[PDB]
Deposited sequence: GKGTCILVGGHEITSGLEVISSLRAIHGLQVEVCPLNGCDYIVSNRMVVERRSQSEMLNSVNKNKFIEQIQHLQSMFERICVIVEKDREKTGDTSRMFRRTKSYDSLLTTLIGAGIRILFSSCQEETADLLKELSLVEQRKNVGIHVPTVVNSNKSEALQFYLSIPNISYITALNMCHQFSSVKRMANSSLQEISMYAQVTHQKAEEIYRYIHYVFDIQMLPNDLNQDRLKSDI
């Protein structure tokens, strides 16, 4: 069972990463993800935030925009609020939690990096049982960057495309249903990708210059 970790997590998550490998026996790869912490399945991303980050009202609007970005690419979003390493609550903190609950963003609480890794593993198990887990094992590097350029798809979706389509042409000539199954995305999401690849470019929709 596989999990992708954002590279930025090495500046604060080293015990999360190494527990996941060592204690839990997941395949753990540290990846250049753009805008997320833990991709746990094809459907589920997990954001890791310290109490302090959640308390700090400077971070509120930026967090909500982060969650909004993640909503366009993932069906299941989890926030793990991890205790700071060696806490007074604010209205803004309670307000954020209630906001998240009202939008069905799941919240978990962790007292250390080891416990964060434990929750990540449990979340990994649930998703595996919904047959949406990450399936991966590379002279297909140009192709990956192309697929990542497709709007509102996650790194794992782009990876699936790279792995599953023998060529880019084969991807671009696929049906909506094929994109759904091979890229492991929802109907709606396969629809967005299909419309994009069939979209009739018009130079006159851009400024003249």
No C-alpha positions exist for deposited residues 1 to 3, 90 to 97, 149 to 152, 225 to 234
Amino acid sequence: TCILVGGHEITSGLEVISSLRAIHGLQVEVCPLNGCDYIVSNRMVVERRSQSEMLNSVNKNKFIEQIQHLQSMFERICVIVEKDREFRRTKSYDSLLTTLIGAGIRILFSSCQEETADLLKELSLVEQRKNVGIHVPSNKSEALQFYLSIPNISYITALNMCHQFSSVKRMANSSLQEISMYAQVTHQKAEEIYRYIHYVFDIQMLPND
From here on, numbers count along this sequence of modelled residues.
Comparing 49 to 57 with 173 to 181, the higher average Cα temperature factor in the PDB entry belongs to 49 to 57
Per the PDB entry, mean CA B-factor is higher for 34 to 42 or 61 to 69, namely for 61 to 69
Assert third(CA B-factor, residue 168) within chain per record equals middle
Chain thirds by Cα B factor, record data; residue 9 belongs to the lowest
The third of the chain into which the C-alpha temperature factor of residue 191 falls is the middle
For residue 77, the third of its chain by CA B-factor is the lowest
Entry-reported C-alpha B-factor of residue 133 relative to its chain, by third, is lowest
